[PDB]
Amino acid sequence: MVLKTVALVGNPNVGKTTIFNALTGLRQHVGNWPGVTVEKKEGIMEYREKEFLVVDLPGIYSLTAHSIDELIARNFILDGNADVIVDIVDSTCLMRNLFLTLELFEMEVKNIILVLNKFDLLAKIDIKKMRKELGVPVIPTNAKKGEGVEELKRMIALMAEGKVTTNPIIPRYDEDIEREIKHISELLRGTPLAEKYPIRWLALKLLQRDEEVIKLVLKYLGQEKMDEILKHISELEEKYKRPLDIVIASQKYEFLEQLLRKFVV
């Protein structure tokens, strides 16, 4: 088998480092990410005679363009350097943690696994449900003890082979948000971008005036059309008093408060 790559992502202090060590033993390398001071830890994970290169990404709260680390993550996942994405979540603050999961899902990743770390803290969550609801595997872990870790290795090894079905849930927004989404799409899908990036994502980012995406989408559209689009975005920014990143987030949180009611036994 070719050398598959596994990526560890999640918030800071969710036990990401703990699960990395838990998967790579002593076989770890230490370097830094291209052009920046951010350290980069990668290692070799073994399982059933199969070997995997595990890259641990710097902890992050979301996938915007407001920090090196969030951009280290989006660049790595988007450009396709990840065969398997292991999204690690601190089970004690599901709302905040699943918020990133959502941003990941929206980027249209499909080969992802959800680890509910620090799970060793008490209520009762119906994993079976979380799995059906989110549309991805969910493995509870007590990394600081090594529980579930083995179940993780198997599921990673299983996904790498392409024997795991997934369909990550995609949150829906206001008609107004969904309509402006639709127009950016049926105006961007008639562009080479669609071949390299997920349209839905690219639009969501534009509405939020993503520094980076707004730059790329400007390279294929005349400065003119980008103003017609920014203009419409400005009017959206009018209906909603608050700027768009906050409105999209507000709707993500509620989406989660709904999903969470379904998980909590």
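When you see a residue number, it is the position in the sequence shown, counting from 1.
- Relative to one another, 98-106 and 186-194 have unequal mean CA B-factors, and 186-194 is the one with the higher figure.
- Averaged over their C-alpha atoms, the temperature factors of 227-235 and 27-35 are higher for 227-235.
- When the Cα B-factors of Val89, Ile112, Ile127, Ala73 are read from the PDB record, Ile127 comes out highest.
- In this PDB entry, the Cα temperature factor of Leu204 sits in the middle third of its chain's modelled residues.
- The PDB entry assigns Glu147 a C-alpha temperature factor belonging to the highest third of its chain's modelled residues.
- Ranked by Cα temperature factor within the chain, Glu133 sits in the middle third according to the deposited record.
- For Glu49, the recorded CA B-factor ranks within the highest third of the chain. Only modelled residues enter the ranking.
- For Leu78, the recorded CA temperature factor ranks within the lowest third of the chain's modelled residues.
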